[PDB]
>>> print(open('coords-v6.txt').read())   # compact mmCIF, C-alpha atoms and all ligand atoms
# COMPACT_ATOMS: atom_id res chain seq x y z
CA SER P 2 8.36 1.87 37.65
CA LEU P 3 11.31 4.25 37.66
CA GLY P 4 14.64 3.19 39.16
CA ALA P 5 18.38 3.34 38.53
CA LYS P 6 19.07 -0.41 38.35
CA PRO P 7 20.02 -1.75 34.89
CA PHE P 8 17.94 -4.47 33.23
CA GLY P 9 19.59 -7.91 33.24
CA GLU P 10 23.28 -8.77 32.84
CA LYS P 11 25.71 -7.23 30.35
CA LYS P 12 26.98 -9.78 27.81
CA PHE P 13 30.04 -9.36 25.59
CA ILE P 14 30.90 -10.52 22.07
CA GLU P 15 33.86 -9.90 19.74
CA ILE P 16 32.86 -7.97 16.61
CA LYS P 17 35.43 -6.82 14.02
CA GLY P 18 38.21 -7.19 16.62
CA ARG P 19 36.41 -5.15 19.30
CA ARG P 20 34.28 -6.25 22.25
CA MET P 21 30.66 -5.08 22.10
CA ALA P 22 28.29 -5.15 25.06
CA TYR P 23 24.61 -6.05 25.04
CA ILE P 24 21.68 -7.26 27.10
CA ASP P 25 19.96 -10.45 25.88
CA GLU P 26 17.22 -11.90 28.10
CA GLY P 27 14.56 -14.55 27.54
CA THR P 28 13.62 -16.70 24.55
CA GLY P 29 11.72 -16.45 21.27
CA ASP P 30 11.55 -13.74 18.62
CA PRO P 31 13.57 -10.64 19.54
CA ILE P 32 12.31 -7.30 20.73
CA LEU P 33 15.36 -5.22 19.85
CA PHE P 34 15.81 -1.91 21.69
CA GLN P 35 18.32 0.54 20.19
CA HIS P 36 19.60 3.65 21.99
CA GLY P 37 21.23 6.67 20.32
CA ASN P 38 23.32 9.65 21.47
CA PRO P 39 24.64 10.02 24.23
CA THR P 40 22.97 7.04 25.86
CA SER P 41 23.33 3.24 26.03
CA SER P 42 21.21 0.13 26.64
CA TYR P 43 20.65 1.69 30.10
CA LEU P 44 18.07 4.00 28.47
CA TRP P 45 15.64 1.07 28.17
CA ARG P 46 16.06 -0.36 31.66
CA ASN P 47 12.58 0.56 32.93
CA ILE P 48 10.90 -0.19 29.61
CA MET P 49 12.18 -3.70 28.80
CA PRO P 50 10.54 -5.26 31.95
CA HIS P 51 7.12 -4.52 30.40
CA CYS P 52 7.93 -6.96 27.62
CA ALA P 53 8.85 -9.87 29.93
CA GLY P 54 7.63 -13.19 28.47
CA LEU P 55 6.78 -11.65 25.07
CA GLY P 56 10.07 -12.57 23.45
CA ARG P 57 13.84 -12.29 23.50
CA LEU P 58 14.68 -8.88 24.99
CA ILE P 59 17.82 -7.36 23.48
CA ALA P 60 19.50 -3.97 23.93
CA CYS P 61 22.92 -3.36 22.33
CA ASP P 62 25.54 -0.76 23.28
CA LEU P 63 26.73 1.03 20.12
CA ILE P 64 30.48 0.95 19.50
CA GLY P 65 32.34 3.39 21.79
CA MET P 66 29.26 3.73 24.00
CA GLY P 67 27.96 2.00 27.13
CA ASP P 68 30.16 -1.01 27.89
CA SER P 69 31.28 -1.54 24.26
CA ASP P 70 34.97 -1.02 23.40
CA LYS P 71 36.26 2.31 22.18
CA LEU P 72 37.63 2.52 18.67
CA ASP P 73 41.42 2.74 18.68
CA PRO P 74 42.78 5.01 17.33
CA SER P 75 39.85 7.41 17.69
CA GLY P 76 39.76 10.79 15.90
CA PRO P 77 37.60 13.32 13.96
CA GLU P 78 36.94 10.79 11.17
CA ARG P 79 35.79 7.99 13.51
CA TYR P 80 32.29 7.02 14.74
CA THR P 81 30.45 8.14 11.61
CA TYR P 82 27.00 6.71 10.94
CA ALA P 83 28.63 4.36 8.38
CA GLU P 84 31.13 3.08 10.95
CA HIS P 85 28.43 2.54 13.61
CA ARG P 86 26.36 0.70 11.04
CA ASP P 87 29.22 -1.67 10.16
CA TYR P 88 29.58 -2.64 13.84
CA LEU P 89 25.86 -2.85 14.56
CA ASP P 90 25.07 -4.85 11.38
CA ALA P 91 27.77 -7.34 12.41
CA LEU P 92 26.52 -7.54 16.02
CA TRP P 93 22.92 -8.11 14.90
CA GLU P 94 24.14 -10.79 12.49
CA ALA P 95 26.10 -12.46 15.33
CA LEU P 96 23.06 -12.47 17.65
CA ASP P 97 21.05 -14.81 15.37
CA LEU P 98 17.88 -12.70 15.50
CA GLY P 99 15.77 -14.72 13.04
CA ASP P 100 13.10 -13.36 10.71
CA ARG P 101 10.40 -11.91 13.03
CA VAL P 102 12.20 -9.01 14.73
CA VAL P 103 10.39 -6.17 16.51
CA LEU P 104 12.53 -3.01 16.53
CA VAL P 105 12.18 -0.38 19.27
CA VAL P 106 14.21 2.72 18.44
CA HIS P 107 15.20 6.22 19.59
CA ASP P 108 17.41 9.06 18.37
CA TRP P 109 20.37 7.64 16.37
CA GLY P 110 19.07 4.17 17.15
CA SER P 111 16.18 5.07 14.85
CA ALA P 112 18.38 6.12 11.90
CA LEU P 113 20.32 2.86 12.34
CA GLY P 114 17.21 0.73 12.92
CA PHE P 115 15.15 2.28 10.11
CA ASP P 116 18.02 1.68 7.67
CA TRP P 117 18.56 -1.91 8.88
CA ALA P 118 14.83 -2.55 8.51
CA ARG P 119 14.85 -1.19 4.93
CA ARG P 120 17.76 -3.53 4.10
CA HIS P 121 16.13 -6.53 5.88
CA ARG P 122 12.43 -5.88 5.38
CA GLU P 123 11.42 -9.57 5.29
CA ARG P 124 12.80 -10.05 8.82
CA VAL P 125 10.98 -7.11 10.43
CA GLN P 126 7.69 -7.89 12.15
CA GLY P 127 7.15 -4.42 13.61
CA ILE P 128 8.77 -1.06 14.32
CA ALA P 129 8.19 1.04 17.46
CA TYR P 130 9.82 4.48 17.34
CA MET P 131 10.03 7.73 19.29
CA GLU P 132 11.95 11.02 19.09
CA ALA P 133 13.49 9.83 15.85
CA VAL P 134 15.10 11.17 12.70
CA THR P 135 12.19 10.38 10.38
CA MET P 136 13.61 12.10 7.28
CA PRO P 137 16.44 14.41 6.17
CA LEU P 138 16.14 17.72 8.03
CA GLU P 139 16.28 21.42 7.22
CA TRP P 140 17.36 23.92 9.91
CA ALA P 141 13.73 25.03 10.26
CA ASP P 142 12.78 21.43 11.21
CA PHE P 143 15.42 21.37 13.94
CA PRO P 144 14.35 22.53 17.43
CA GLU P 145 14.86 26.30 17.61
CA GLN P 146 16.39 26.30 21.11
CA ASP P 147 19.13 23.86 20.06
CA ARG P 148 20.14 25.38 16.73
CA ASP P 149 23.03 27.44 18.12
CA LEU P 150 24.43 24.59 20.24
CA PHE P 151 24.26 21.94 17.51
CA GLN P 152 25.66 24.39 14.98
CA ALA P 153 28.55 24.84 17.44
CA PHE P 154 28.99 21.03 17.67
CA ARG P 155 29.18 21.05 13.85
CA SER P 156 32.00 23.63 13.92
CA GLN P 157 35.57 23.83 15.20
CA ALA P 158 34.14 24.62 18.68
CA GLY P 159 32.78 21.05 18.97
CA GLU P 160 35.95 19.44 20.35
CA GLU P 161 36.15 21.81 23.34
CA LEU P 162 32.40 21.57 24.03
CA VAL P 163 32.26 17.77 23.85
CA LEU P 164 35.72 16.14 24.22
CA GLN P 165 36.94 18.61 26.85
CA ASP P 166 33.70 19.57 28.62
CA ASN P 167 31.36 16.60 27.95
CA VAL P 168 28.47 18.94 27.00
CA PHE P 169 26.33 16.25 25.35
CA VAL P 170 26.28 14.01 28.45
CA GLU P 171 26.24 16.77 31.08
CA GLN P 172 24.06 19.48 29.48
CA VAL P 173 22.01 18.13 26.54
CA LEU P 174 20.98 14.88 28.22
CA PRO P 175 19.45 16.23 31.46
CA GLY P 176 18.36 19.36 29.56
CA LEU P 177 15.97 17.22 27.51
CA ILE P 178 14.52 15.15 30.36
CA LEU P 179 11.61 16.70 32.30
CA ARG P 180 12.11 14.96 35.67
CA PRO P 181 15.31 15.38 37.72
CA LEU P 182 17.74 12.47 37.36
CA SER P 183 19.26 10.83 40.44
CA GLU P 184 22.98 10.64 41.24
CA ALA P 185 22.99 6.94 40.25
CA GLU P 186 21.26 7.60 36.91
CA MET P 187 23.74 10.31 35.86
CA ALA P 188 26.63 8.11 37.05
CA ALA P 189 25.45 5.37 34.67
CA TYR P 190 25.18 7.82 31.77
CA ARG P 191 28.56 9.45 32.37
CA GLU P 192 30.49 6.20 33.06
CA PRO P 193 31.54 5.51 29.42
CA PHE P 194 32.64 9.16 29.18
CA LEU P 195 34.48 9.84 32.45
CA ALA P 196 37.76 10.61 30.66
CA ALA P 197 38.25 13.80 28.65
CA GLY P 198 39.36 13.46 25.03
CA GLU P 199 38.66 10.64 22.58
CA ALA P 200 36.55 8.53 24.96
CA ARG P 201 33.85 11.16 24.32
CA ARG P 202 34.26 11.22 20.50
CA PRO P 203 31.03 9.26 19.77
CA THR P 204 28.99 12.03 21.46
CA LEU P 205 30.53 14.65 19.13
CA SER P 206 30.64 12.57 15.93
CA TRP P 207 26.87 11.95 16.25
CA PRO P 208 25.67 15.57 16.07
CA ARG P 209 28.10 16.06 13.17
CA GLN P 210 26.27 13.26 11.33
CA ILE P 211 22.71 14.62 11.61
CA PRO P 212 21.32 15.00 8.05
CA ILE P 213 20.66 18.76 8.04
CA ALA P 214 20.42 20.99 4.94
CA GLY P 215 22.07 18.35 2.73
CA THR P 216 25.08 17.60 4.97
CA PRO P 217 26.55 15.07 5.42
CA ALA P 218 25.52 13.85 1.96
CA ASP P 219 25.84 10.13 2.76
CA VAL P 220 23.54 10.22 5.83
CA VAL P 221 21.09 12.50 3.98
CA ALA P 222 20.77 9.84 1.26
CA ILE P 223 20.35 7.04 3.81
CA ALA P 224 17.59 8.98 5.60
CA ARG P 225 15.95 9.89 2.26
CA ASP P 226 15.94 6.16 1.40
CA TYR P 227 14.35 5.00 4.64
CA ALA P 228 11.91 7.93 4.67
CA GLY P 229 10.57 6.91 1.24
CA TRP P 230 10.44 3.25 2.22
CA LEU P 231 8.73 3.73 5.60
CA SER P 232 6.11 5.99 3.98
CA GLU P 233 5.14 3.03 1.75
CA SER P 234 5.84 -0.03 3.94
CA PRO P 235 2.86 -2.01 5.30
CA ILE P 236 5.01 -3.27 8.22
CA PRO P 237 3.05 -2.49 11.43
CA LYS P 238 4.32 0.58 13.30
CA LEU P 239 3.99 2.16 16.73
CA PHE P 240 4.73 5.88 16.89
CA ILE P 241 5.22 7.04 20.46
CA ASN P 242 4.63 10.78 20.21
CA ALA P 243 5.74 13.06 23.05
CA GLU P 244 4.37 16.19 24.71
CA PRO P 245 6.00 18.67 24.45
CA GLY P 246 8.39 16.38 22.57
CA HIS P 247 11.47 17.79 20.88
CA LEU P 248 12.85 16.34 17.68
CA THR P 249 9.74 14.57 16.37
CA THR P 250 7.47 17.61 16.18
CA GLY P 251 6.52 19.99 13.36
CA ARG P 252 7.31 18.86 9.81
CA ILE P 253 9.16 15.68 10.75
CA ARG P 254 6.17 14.51 12.84
CA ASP P 255 3.75 15.63 10.12
CA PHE P 256 5.75 13.29 7.86
CA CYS P 257 5.92 10.19 10.05
CA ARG P 258 2.18 10.60 10.73
CA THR P 259 1.68 9.66 7.05
CA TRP P 260 3.28 6.24 7.53
CA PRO P 261 0.93 3.30 6.82
CA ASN P 262 -0.36 0.75 9.34
CA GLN P 263 0.59 2.90 12.31
CA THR P 264 -0.69 3.14 15.87
CA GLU P 265 0.12 6.34 17.79
CA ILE P 266 0.05 7.22 21.49
CA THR P 267 1.29 10.38 23.23
CA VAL P 268 3.40 10.36 26.41
CA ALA P 269 4.98 13.08 28.59
CA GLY P 270 8.56 13.97 27.65
CA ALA P 271 10.99 16.12 25.67
CA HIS P 272 13.71 14.10 23.89
CA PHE P 273 14.91 11.32 26.18
CA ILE P 274 11.29 10.38 26.92
CA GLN P 275 12.30 6.98 28.34
CA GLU P 276 13.32 8.80 31.53
CA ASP P 277 9.97 10.58 31.86
CA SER P 278 7.38 8.01 30.84
CA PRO P 279 8.98 4.53 30.94
CA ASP P 280 5.82 2.71 32.11
CA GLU P 281 3.52 4.30 29.51
CA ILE P 282 6.11 3.55 26.80
CA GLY P 283 6.63 -0.04 27.98
CA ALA P 284 2.88 -0.74 28.23
CA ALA P 285 2.37 0.57 24.67
CA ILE P 286 5.22 -1.57 23.27
CA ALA P 287 3.92 -4.64 25.16
CA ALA P 288 0.41 -4.16 23.71
CA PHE P 289 1.94 -3.67 20.21
CA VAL P 290 3.94 -6.90 20.52
CA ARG P 291 0.94 -8.85 21.89
CA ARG P 292 -1.06 -7.87 18.80
CA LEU P 293 1.87 -8.86 16.55
CA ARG P 294 2.30 -12.16 18.39
CA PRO P 295 -1.22 -13.42 19.33
CA CA J 1 15.92 18.27 33.01
CL CL J 2 10.08 -18.41 13.56
CL CL J 3 23.23 13.83 18.04
>>> encode(input="coords-v6.txt", output="structure tokens")
Amino acid sequence: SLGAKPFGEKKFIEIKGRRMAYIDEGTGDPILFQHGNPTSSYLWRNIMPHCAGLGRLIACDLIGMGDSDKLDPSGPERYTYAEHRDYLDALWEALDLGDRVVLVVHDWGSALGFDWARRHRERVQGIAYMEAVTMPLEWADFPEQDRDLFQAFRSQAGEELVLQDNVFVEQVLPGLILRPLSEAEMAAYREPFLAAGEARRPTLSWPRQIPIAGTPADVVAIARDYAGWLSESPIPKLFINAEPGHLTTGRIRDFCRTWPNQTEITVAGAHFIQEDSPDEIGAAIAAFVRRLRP
């Protein structure tokens, strides 16, 4: 069902001198849910229940997001993809995930998860993905209605938009969910970002990291690497397509539709499709996992 209540209890662990927050419920091989910008583990709260009894249900808060510690000192050079990856790699190492992991990814969680899977292919039993960065992008491949705003994020105007005015949380997030969010739901999403300034840096650093037209070069290369790998990997996949969808449409969807050993379903939603179709998404993931774990 829908609902504003989080799934399970937030747990905390020290990683590289910072406390990171995560949900970890049940036993067995992990089903690892990874949020992106500007969300947290909370994104998966109505989806994870569908996987009850199918394994160890884990959802981590990326550094500086959800209930994880902020970087200190934060600034324009902090919260890059590389920095997030260092923290997340270390957290996933600390969690003792074993060698039959099912990844469930969205948004920046997909760039991070796809890359981790490429670097740990023997440990990945399956990958479920939705509204994901499936390859390096050109401006044409980026949603037309968001070009101006994201170009502004990736300019000097970004600090006022995001650090001062919290545009990613307050405008982009509900703007890309079809159903109206409740007071409690928005409260959960804005909680890590209540204070103006550096507390909101992760939500600005992320759009500045999107591999678009060759920039930034490091993330472009990482996405190029996982795009090539995923297009060849026989690891079972679940592509949750969305209608109308948002990011994973056009060329980037045409591309991920070439990936081998892939099941696809379509659900209602724009970008943050977890808020529109959590039960359809959860049921699909549960069926995927059941087939992977007979
Ligand atoms: Ca909306
Ligand atoms: Cl095992
Ligand atoms: Cl972003």
>>> residues_near_ligand(input="coords-v6.txt", ligand="ligand CL 2 (chain J)", cutoff="8 Å", atoms="all atoms listed in the file", output="MDAnalysis selection string")
chainID P and resid 30 99:101
>>> write_last_selection(input="coords-v6.txt", atoms="C-alpha atoms", output="mmCIF file, in the frame of the given file")
data_model
loop_
_atom_site.group_PDB
_atom_site.id
_atom_site.type_symbol
_atom_site.label_atom_id
_atom_site.label_comp_id
_atom_site.auth_asym_id
_atom_site.auth_seq_id
_atom_site.Cartn_x
_atom_site.Cartn_y
_atom_site.Cartn_z
ATOM 1 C CA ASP P 30 11.550 -13.740 18.620
ATOM 2 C CA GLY P 99 15.770 -14.720 13.040
ATOM 3 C CA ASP P 100 13.100 -13.360 10.710
ATOM 4 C CA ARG P 101 10.400 -11.910 13.030
#
>>> atom_distance(input="coords-v6.txt", atom1="atom CA of residue P:239", atom2="atom CA of residue P:130")
6.3 Å
>>> residues_around(input="coords-v6.txt", residues="stretch 7-11 of chain P", least_positions_apart="2", cutoff="8 Å", atoms="only C-alpha atoms", output="list in words")
residues 5, 13, 22, 23, 24, 25, 26, 43, 45, 46, 47, 49 and 50 of chain P
>>> closest_residue(input="coords-v6.txt", among="P:291, P:124, P:252, P:107", to="ligand CL 3 (chain J)", atoms="all atoms listed in the file")
P:107
>>> residues_near_ligand(input="coords-v6.txt", ligand="ligand CL 3 (chain J)", cutoff="10 Å", atoms="all atoms listed in the file", output="JSON, numbers by chain")
{"P": [37, 38, 39, 108, 109, 151, 154, 169, 173, 203, 204, 205, 206, 207, 208, 209, 210, 211]}
>>> residues_near_ligand(input="coords-v6.txt", ligand="ligand CA 1 (chain J)", cutoff="10 Å", atoms="all atoms listed in the file", output="JSON, numbers by chain")
{"P": [172, 173, 174, 175, 176, 177, 178, 179, 180, 181, 182, 271, 273, 276, 277]}
>>> residues_around(input="coords-v6.txt", residues="residue P:121", least_positions_apart="5", cutoff="12 Å", atoms="only C-alpha atoms", output="ChimeraX atom specification")
/P:90,93-94,98-102,104,114-116,126,227,230,236
>>> closest_residue(input="coords-v6.txt", among="P:4, P:237, P:29, P:251", to="residue P:145", atoms="all atoms listed in the file")
P:251
>>> closest_residue(input="coords-v6.txt", among="P:163, P:157, P:284, P:202", to="residue P:64", atoms="only C-alpha atoms")
P:202
>>> closest_residue(input="coords-v6.txt", among="P:221, P:164, P:134, P:92", to="residue P:62", atoms="all atoms listed in the file")
P:92
>>> atom_distance(input="coords-v6.txt", atom1="atom CA of residue P:18", atom2="atom CA of residue P:34")
23.6 Å
>>> closest_residue(input="coords-v6.txt", among="P:58, P:266, P:21, P:189", to="residue P:238", atoms="all atoms listed in the file")
P:266
>>> closest_residue(input="coords-v6.txt", among="P:84, P:188, P:110, P:19", to="residue P:61", atoms="only C-alpha atoms")
P:110
>>> residues_around(input="coords-v6.txt", residues="residue P:193", least_positions_apart="5", cutoff="9 Å", atoms="only C-alpha atoms", output="ChimeraX atom specification")
/P:65-69,200-201
>>> residues_near_point(input="coords-v6.txt", point="(6.6, 12.2, 7.5)", cutoff="9 Å", atoms="all atoms listed in the file", output="PyMOL selection string")
chain P and resi 135-136+228+231-232+252-260
>>> atom_distance(input="coords-v6.txt", atom1="atom CA of residue P:152", atom2="atom CA of residue P:63")
23.9 Å
>>> residues_near_point(input="coords-v6.txt", point="(9.1, 4.9, 20.4)", cutoff="12 Å", atoms="all atoms listed in the file", output="ChimeraX atom specification")
/P:33-36,45,48,103-108,110-111,114,127-135,238-243,246,249,263-268,270,272-275,278-279,281-287,289
>>> residues_around(input="coords-v6.txt", residues="residue P:216", least_positions_apart="6", cutoff="12 Å", atoms="only C-alpha atoms", output="MDAnalysis selection string")
chainID P and resid 137:140 155 208:210 222:224
